[PDB]
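Next up, upload20.cif (mmCIF, C-alpha atoms; chains and numbers go by the auth columns):
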```
data_data
loop_
_atom_site.group_PDB
_atom_site.id
_atom_site.type_symbol
_atom_site.label_atom_id
_atom_site.label_comp_id
_atom_site.label_asym_id
_atom_site.label_seq_id
_atom_site.Cartn_x
_atom_site.Cartn_y
_atom_site.Cartn_z
_atom_site.B_iso_or_equiv
_atom_site.auth_seq_id
_atom_site.auth_asym_id
ATOM 1 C CA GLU A 1 -27.118 102.065 90.975 0.00 1 A
ATOM 2 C CA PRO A 2 -24.455 99.476 91.833 0.00 2 A
ATOM 3 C CA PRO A 3 -21.095 100.116 90.130 0.00 3 A
ATOM 4 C CA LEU A 4 -20.672 98.325 86.815 0.00 4 A
ATOM 5 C CA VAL A 5 -18.794 95.030 87.004 0.00 5 A
ATOM 6 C CA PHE A 6 -17.336 93.743 83.754 0.00 6 A
ATOM 7 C CA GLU A 7 -16.864 90.065 82.975 0.00 7 A
ATOM 8 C CA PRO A 8 -13.333 89.371 81.793 0.00 8 A
ATOM 9 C CA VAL A 9 -13.167 88.634 78.095 0.00 9 A
ATOM 10 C CA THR A 10 -11.680 85.179 77.764 0.00 10 A
ATOM 11 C CA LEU A 11 -10.640 82.845 74.998 0.00 11 A
ATOM 12 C CA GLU A 12 -13.550 80.756 76.335 0.00 12 A
ATOM 13 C CA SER A 13 -16.252 83.457 76.354 0.00 13 A
ATOM 14 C CA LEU A 14 -15.171 84.820 72.964 0.00 14 A
ATOM 15 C CA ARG A 15 -15.146 81.263 71.615 0.00 15 A
ATOM 16 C CA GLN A 16 -18.797 80.824 72.631 0.00 16 A
ATOM 17 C CA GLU A 17 -20.200 83.996 71.077 0.00 17 A
ATOM 18 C CA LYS A 18 -22.816 82.930 68.588 0.00 18 A
ATOM 19 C CA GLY A 19 -21.640 85.551 66.077 0.00 19 A
ATOM 20 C CA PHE A 20 -18.180 83.983 66.220 0.00 20 A
ATOM 21 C CA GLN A 21 -19.557 80.452 66.054 0.00 21 A
ATOM 22 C CA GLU A 22 -21.299 81.436 62.825 0.00 22 A
ATOM 23 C CA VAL A 23 -17.772 81.885 61.481 0.00 23 A
ATOM 24 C CA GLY A 24 -16.911 78.291 62.344 0.00 24 A
ATOM 25 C CA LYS A 25 -20.109 76.972 60.806 0.00 25 A
ATOM 26 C CA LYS A 26 -19.428 78.761 57.518 0.00 26 A
ATOM 27 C CA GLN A 27 -15.897 77.316 57.554 0.00 27 A
ATOM 28 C CA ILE A 28 -16.971 73.696 58.060 0.00 28 A
ATOM 29 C CA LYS A 29 -19.493 73.843 55.206 0.00 29 A
ATOM 30 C CA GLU A 30 -16.710 75.290 53.044 0.00 30 A
ATOM 31 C CA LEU A 31 -14.753 72.127 53.909 0.00 31 A
ATOM 32 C CA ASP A 32 -17.770 69.871 53.492 0.00 32 A
ATOM 33 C CA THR A 33 -18.167 71.485 50.069 0.00 33 A
ATOM 34 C CA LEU A 34 -14.457 70.828 49.481 0.00 34 A
ATOM 35 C CA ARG A 35 -14.888 67.186 50.475 0.00 35 A
ATOM 36 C CA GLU A 36 -17.817 67.228 48.052 0.00 36 A
ATOM 37 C CA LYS A 37 -15.497 68.332 45.245 0.00 37 A
ATOM 38 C CA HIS A 38 -13.011 65.633 46.111 0.00 38 A
ATOM 39 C CA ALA A 39 -15.388 62.700 46.566 0.00 39 A
ATOM 40 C CA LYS A 40 -16.983 63.465 43.174 0.00 40 A
ATOM 41 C CA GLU A 41 -13.593 63.534 41.501 0.00 41 A
ATOM 42 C CA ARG A 42 -12.061 60.657 43.520 0.00 42 A
ATOM 43 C CA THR A 43 -15.007 58.432 42.577 0.00 43 A
ATOM 44 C CA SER A 44 -15.238 59.608 38.955 0.00 44 A
ATOM 45 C CA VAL A 45 -11.492 59.210 38.375 0.00 45 A
ATOM 46 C CA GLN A 46 -11.650 55.624 39.587 0.00 46 A
ATOM 47 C CA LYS A 47 -14.660 55.233 37.275 0.00 47 A
ATOM 48 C CA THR A 48 -12.592 56.206 34.223 0.00 48 A
ATOM 49 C CA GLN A 49 -9.702 54.107 35.561 0.00 49 A
ATOM 50 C CA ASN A 50 -11.937 51.062 35.891 0.00 50 A
ATOM 51 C CA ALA A 51 -13.933 51.716 32.731 0.00 51 A
ATOM 52 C CA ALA A 52 -10.872 51.905 30.503 0.00 52 A
ATOM 53 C CA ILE A 53 -9.147 48.803 31.886 0.00 53 A
ATOM 54 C CA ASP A 54 -12.268 46.636 32.133 0.00 54 A
ATOM 55 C CA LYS A 55 -12.954 47.200 28.456 0.00 55 A
ATOM 56 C CA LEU A 56 -9.214 47.197 27.722 0.00 56 A
ATOM 57 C CA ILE A 57 -9.005 43.605 28.952 0.00 57 A
ATOM 58 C CA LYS A 58 -12.059 42.732 26.831 0.00 58 A
ATOM 59 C CA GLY A 59 -10.340 44.024 23.694 0.00 59 A
ATOM 60 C CA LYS A 60 -7.350 41.774 24.318 0.00 60 A
ATOM 61 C CA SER A 61 -9.605 38.864 25.288 0.00 61 A
ATOM 62 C CA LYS A 62 -11.388 39.228 21.933 0.00 62 A
ATOM 63 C CA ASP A 63 -8.153 38.697 20.015 0.00 63 A
ATOM 64 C CA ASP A 64 -6.659 36.179 22.431 0.00 64 A
ATOM 65 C CA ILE A 65 -9.521 33.687 22.152 0.00 65 A
ATOM 66 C CA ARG A 66 -9.662 34.453 18.414 0.00 66 A
ATOM 67 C CA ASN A 67 -6.054 33.303 18.124 0.00 67 A
ATOM 68 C CA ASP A 68 -7.022 29.962 19.683 0.00 68 A
ATOM 69 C CA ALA A 69 -9.828 29.812 17.119 0.00 69 A
ATOM 70 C CA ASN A 70 -7.235 30.121 14.358 0.00 70 A
ATOM 71 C CA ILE A 71 -5.203 27.164 15.623 0.00 71 A
ATOM 72 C CA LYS A 72 -8.148 24.763 15.753 0.00 72 A
ATOM 73 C CA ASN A 73 -9.205 26.179 12.376 0.00 73 A
ATOM 74 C CA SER A 74 -5.704 25.486 11.065 0.00 74 A
ATOM 75 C CA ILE A 75 -4.833 22.215 12.840 0.00 75 A
ATOM 76 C CA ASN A 76 -8.275 20.840 11.899 0.00 76 A
ATOM 77 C CA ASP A 77 -7.422 21.755 8.312 0.00 77 A
ATOM 78 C CA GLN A 78 -3.874 20.402 8.783 0.00 78 A
ATOM 79 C CA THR A 79 -5.217 17.098 10.123 0.00 79 A
ATOM 80 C CA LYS A 80 -7.604 16.343 7.271 0.00 80 A
ATOM 81 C CA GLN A 81 -4.837 17.367 4.865 0.00 81 A
ATOM 82 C CA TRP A 82 -2.964 14.441 6.445 0.00 82 A
ATOM 83 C CA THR A 83 -6.043 12.194 6.042 0.00 83 A
ATOM 84 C CA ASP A 84 -6.384 13.160 2.374 0.00 84 A
ATOM 85 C CA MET A 85 -2.728 12.357 1.823 0.00 85 A
ATOM 86 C CA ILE A 86 -2.867 8.957 3.589 0.00 86 A
ATOM 87 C CA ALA A 87 -6.052 7.925 1.806 0.00 87 A
ATOM 88 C CA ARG A 88 -4.537 8.345 -1.651 0.00 88 A
ATOM 89 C CA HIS A 89 -1.175 7.125 -0.337 0.00 89 A
ATOM 90 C CA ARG A 90 -3.175 4.054 0.716 0.00 90 A
ATOM 91 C CA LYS A 91 -4.470 3.708 -2.839 0.00 91 A
ATOM 92 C CA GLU A 92 -0.931 3.917 -4.266 0.00 92 A
ATOM 93 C CA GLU A 93 -0.195 0.632 -2.426 0.00 93 A
ATOM 94 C CA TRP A 94 -3.492 -0.948 -3.509 0.00 94 A
ATOM 95 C CA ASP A 95 -3.041 0.379 -7.025 0.00 95 A
ATOM 96 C CA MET A 96 0.461 -1.010 -7.293 0.00 96 A
ATOM 97 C CA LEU A 97 -0.157 -4.299 -5.498 0.00 97 A
ATOM 98 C CA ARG A 98 -2.870 -5.161 -8.042 0.00 98 A
ATOM 99 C CA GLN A 99 -0.326 -4.845 -10.842 0.00 99 A
ATOM 100 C CA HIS A 100 2.236 -6.916 -8.934 0.00 100 A
ATOM 101 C CA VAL A 101 -0.318 -9.698 -8.629 0.00 101 A
ATOM 102 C CA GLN A 102 -1.569 -9.393 -12.216 0.00 102 A
ATOM 103 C CA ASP A 103 1.981 -9.379 -13.556 0.00 103 A
ATOM 104 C CA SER A 104 3.154 -12.123 -11.173 0.00 104 A
ATOM 105 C CA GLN A 105 0.126 -14.135 -12.293 0.00 105 A
ATOM 106 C CA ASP A 106 0.897 -13.312 -15.938 0.00 106 A
ATOM 107 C CA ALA A 107 4.558 -14.276 -15.508 0.00 107 A
ATOM 108 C CA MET A 108 3.805 -17.644 -13.891 0.00 108 A
ATOM 109 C CA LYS A 109 1.408 -18.425 -16.692 0.00 109 A
ATOM 110 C CA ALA A 110 4.001 -17.436 -19.308 0.00 110 A
ATOM 111 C CA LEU A 111 6.622 -19.504 -17.463 0.00 111 A
ATOM 112 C CA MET A 112 4.310 -22.491 -17.610 0.00 112 A
ATOM 113 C CA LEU A 113 3.723 -22.313 -21.312 0.00 113 A
ATOM 114 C CA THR A 114 7.458 -22.085 -21.966 0.00 114 A
ATOM 115 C CA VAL A 115 8.430 -25.085 -19.832 0.00 115 A
ATOM 116 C CA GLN A 116 5.444 -27.060 -21.180 0.00 116 A
ATOM 117 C CA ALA A 117 6.708 -26.224 -24.664 0.00 117 A
ATOM 118 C CA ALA A 118 10.264 -27.067 -23.590 0.00 118 A
ATOM 119 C CA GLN A 119 9.091 -30.568 -22.641 0.00 119 A
ATOM 120 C CA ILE A 120 7.261 -31.006 -25.964 0.00 120 A
ATOM 121 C CA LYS A 121 10.404 -30.104 -27.885 0.00 121 A
ATOM 122 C CA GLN A 122 12.482 -32.353 -25.646 0.00 122 A
ATOM 123 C CA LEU A 123 10.169 -35.228 -26.534 0.00 123 A
ATOM 124 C CA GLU A 124 9.949 -34.402 -30.263 0.00 124 A
ATOM 125 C CA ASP A 125 13.724 -34.032 -30.401 0.00 125 A
ATOM 126 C CA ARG A 126 14.130 -37.377 -28.621 0.00 126 A
ATOM 127 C CA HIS A 127 11.471 -39.127 -30.716 0.00 127 A
ATOM 128 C CA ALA A 128 13.468 -38.381 -33.873 0.00 128 A
ATOM 129 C CA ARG A 129 16.713 -39.780 -32.434 0.00 129 A
ATOM 130 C CA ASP A 130 14.924 -43.055 -31.728 0.00 130 A
ATOM 131 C CA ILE A 131 13.952 -43.386 -35.386 0.00 131 A
ATOM 132 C CA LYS A 132 17.452 -42.640 -36.669 0.00 132 A
ATOM 133 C CA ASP A 133 18.883 -44.992 -34.028 0.00 133 A
ATOM 134 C CA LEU A 134 16.350 -47.628 -35.061 0.00 134 A
ATOM 135 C CA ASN A 135 17.199 -46.980 -38.733 0.00 135 A
ATOM 136 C CA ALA A 136 20.846 -47.692 -37.951 0.00 136 A
ATOM 137 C CA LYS A 137 20.048 -50.918 -36.075 0.00 137 A
ATOM 138 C CA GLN A 138 17.848 -51.985 -38.981 0.00 138 A
ATOM 139 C CA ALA A 139 20.602 -51.096 -41.406 0.00 139 A
ATOM 140 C CA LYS A 140 23.260 -52.923 -39.385 0.00 140 A
ATOM 141 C CA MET A 141 21.351 -56.159 -39.442 0.00 141 A
ATOM 142 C CA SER A 142 20.827 -55.836 -43.172 0.00 142 A
ATOM 143 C CA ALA A 143 24.584 -55.977 -43.588 0.00 143 A
ATOM 144 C CA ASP A 144 24.801 -58.587 -40.812 0.00 144 A
ATOM 145 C CA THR A 145 22.260 -60.803 -42.546 0.00 145 A
ATOM 146 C CA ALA A 146 23.938 -60.232 -45.936 0.00 146 A
ATOM 147 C CA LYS A 147 27.503 -60.820 -44.721 0.00 147 A
ATOM 148 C CA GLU A 148 26.455 -64.032 -42.961 0.00 148 A
ATOM 149 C CA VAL A 149 25.055 -65.571 -46.164 0.00 149 A
ATOM 150 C CA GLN A 150 28.394 -65.066 -47.896 0.00 150 A
ATOM 151 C CA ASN A 151 30.012 -67.038 -45.065 0.00 151 A
ATOM 152 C CA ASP A 152 27.063 -69.415 -44.798 0.00 152 A
ATOM 153 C CA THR A 153 27.334 -73.149 -45.402 0.00 153 A
ATOM 154 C CA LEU A 154 25.338 -72.759 -48.599 0.00 154 A
ATOM 155 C CA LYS A 155 27.647 -74.384 -51.144 0.00 155 A
ATOM 156 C CA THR A 156 26.361 -72.697 -54.341 0.00 156 A
ATOM 157 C CA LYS A 157 25.382 -69.074 -54.933 0.00 157 A
ATOM 158 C CA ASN A 158 22.196 -70.378 -56.586 0.00 158 A
ATOM 159 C CA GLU A 159 21.055 -71.394 -53.111 0.00 159 A
ATOM 160 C CA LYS A 160 22.969 -68.546 -51.370 0.00 160 A
ATOM 161 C CA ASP A 161 21.167 -65.888 -53.406 0.00 161 A
ATOM 162 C CA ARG A 162 17.783 -67.564 -52.849 0.00 162 A
ATOM 163 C CA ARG A 163 18.114 -67.360 -49.049 0.00 163 A
ATOM 164 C CA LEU A 164 19.046 -63.695 -48.711 0.00 164 A
ATOM 165 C CA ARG A 165 16.047 -63.008 -50.964 0.00 165 A
ATOM 166 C CA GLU A 166 14.094 -65.061 -48.415 0.00 166 A
ATOM 167 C CA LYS A 167 15.841 -63.397 -45.462 0.00 167 A
ATOM 168 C CA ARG A 168 15.866 -59.796 -46.751 0.00 168 A
ATOM 169 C CA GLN A 169 12.117 -59.708 -47.398 0.00 169 A
ATOM 170 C CA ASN A 170 11.414 -61.439 -44.083 0.00 170 A
ATOM 171 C CA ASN A 171 13.554 -58.710 -42.503 0.00 171 A
ATOM 172 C CA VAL A 172 11.691 -56.034 -44.473 0.00 172 A
ATOM 173 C CA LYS A 173 8.511 -57.352 -42.824 0.00 173 A
ATOM 174 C CA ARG A 174 10.277 -57.081 -39.470 0.00 174 A
ATOM 175 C CA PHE A 175 11.624 -53.619 -40.360 0.00 175 A
ATOM 176 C CA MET A 176 8.103 -52.481 -41.137 0.00 176 A
ATOM 177 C CA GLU A 177 6.528 -53.957 -38.011 0.00 177 A
ATOM 178 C CA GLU A 178 9.311 -52.366 -35.945 0.00 178 A
ATOM 179 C CA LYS A 179 8.438 -49.060 -37.636 0.00 179 A
ATOM 180 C CA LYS A 180 4.725 -49.473 -36.888 0.00 180 A
ATOM 181 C CA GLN A 181 5.465 -50.018 -33.198 0.00 181 A
ATOM 182 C CA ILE A 182 7.749 -46.993 -32.802 0.00 182 A
ATOM 183 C CA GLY A 183 5.218 -44.936 -34.713 0.00 183 A
ATOM 184 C CA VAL A 184 2.679 -45.920 -32.095 0.00 184 A
ATOM 185 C CA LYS A 185 4.550 -45.612 -28.806 0.00 185 A
ATOM 186 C CA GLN A 186 5.832 -42.198 -29.932 0.00 186 A
ATOM 187 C CA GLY A 187 2.279 -41.163 -30.673 0.00 187 A
ATOM 188 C CA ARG A 188 1.157 -42.527 -27.311 0.00 188 A
ATOM 189 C CA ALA A 189 4.046 -40.812 -25.559 0.00 189 A
ATOM 190 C CA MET A 190 3.209 -37.519 -27.203 0.00 190 A
ATOM 191 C CA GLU A 191 -0.504 -37.601 -26.387 0.00 191 A
ATOM 192 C CA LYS A 192 0.183 -38.438 -22.750 0.00 192 A
ATOM 193 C CA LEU A 193 2.645 -35.527 -22.696 0.00 193 A
ATOM 194 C CA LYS A 194 0.140 -33.050 -24.144 0.00 194 A
ATOM 195 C CA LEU A 195 -2.540 -34.302 -21.743 0.00 195 A
ATOM 196 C CA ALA A 196 -0.335 -33.544 -18.754 0.00 196 A
ATOM 197 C CA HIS A 197 0.299 -30.026 -20.065 0.00 197 A
ATOM 198 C CA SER A 198 -3.420 -29.517 -20.678 0.00 198 A
ATOM 199 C CA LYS A 199 -4.408 -30.527 -17.142 0.00 199 A
ATOM 200 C CA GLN A 200 -1.610 -28.420 -15.614 0.00 200 A
ATOM 201 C CA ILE A 201 -3.116 -25.390 -17.389 0.00 201 A
ATOM 202 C CA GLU A 202 -6.651 -26.173 -16.228 0.00 202 A
ATOM 203 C CA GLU A 203 -5.527 -26.742 -12.645 0.00 203 A
ATOM 204 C CA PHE A 204 -3.228 -23.714 -12.640 0.00 204 A
ATOM 205 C CA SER A 205 -6.051 -21.496 -13.892 0.00 205 A
ATOM 206 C CA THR A 206 -8.562 -22.717 -11.273 0.00 206 A
ATOM 207 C CA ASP A 207 -5.823 -22.396 -8.619 0.00 207 A
ATOM 208 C CA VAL A 208 -5.163 -18.715 -9.368 0.00 208 A
ATOM 209 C CA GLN A 209 -8.840 -17.666 -9.914 0.00 209 A
ATOM 210 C CA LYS A 210 -9.395 -18.728 -6.290 0.00 210 A
ATOM 211 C CA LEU A 211 -6.985 -16.100 -4.948 0.00 211 A
#
```
Spit out the file's structure as structure tokens when you get a sec.
Amino acid sequence: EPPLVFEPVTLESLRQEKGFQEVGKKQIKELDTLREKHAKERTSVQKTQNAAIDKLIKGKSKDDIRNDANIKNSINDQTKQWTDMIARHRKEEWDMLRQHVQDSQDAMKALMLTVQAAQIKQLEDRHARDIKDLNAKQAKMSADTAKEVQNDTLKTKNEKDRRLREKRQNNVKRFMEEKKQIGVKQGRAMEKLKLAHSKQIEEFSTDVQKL
């Protein structure tokens, strides 16, 4: 029997024993299993992190867009409100203007009737002066005829008195014819006056009714 020879025990040879390698293998799995506790958590923690925020943003987005909805809902109300106000404000003008016109119309028509009447009275008032005036002239002659006879070449009152009686009555004829004429022109003047007023009314009425 050859003498025993013993391998040296080395870090290498010990390292390679399969019993000792079984220690390593156990250890790695223990670390795989640790990585398996971390990956689960790592992933799941990010899952909570993401889940909360992703819905957290949605909650805010729900209100945020809602707030926009409340401006359109308000402004759209606020704009019509303006339209309601202008529409009736627009009436206010139309309502008022109609009275302006009606009253302006009314006033013009009143103004007409007055002036028309003012002309009538101006004529009437004149017409009466003419007759007094005339009366005077007629009276003045009556003296003038009478005074002349007294200074006339008639020698005797018998003849003097006969001629004034002739003259006076002749003059009374003239006084009456004079009166007939002024009666007539005055009547003619008046009618023509009232006919102008009448037509003015007719034309004024047609002229307004147009507008």
field: Counting all atoms listed in the file, the residue of A:128, A:139, A:30, A:154 that sits nearest residue 172 in chain A
entry: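 The shortest atom-to-atom distance to residue 172 in chain A comes from A:139.
For the pair CA of residue 54 in chain A and CA of residue 66 in chain A, the interatomic distance is 18.5 Å.
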task: For CA of residue 134 in chain A and CA of residue 171 in chain A, determine how far apart the two atoms are, in Å to one decimal place.
output: 13.6 Å
query: On this structure, which residues satisfy the PyMOL selection byres ((chain A and resi 177-194) around 8), written as a PyMOL selection string?
result: chain A and resi 120+123+127+131+173-176+195-198
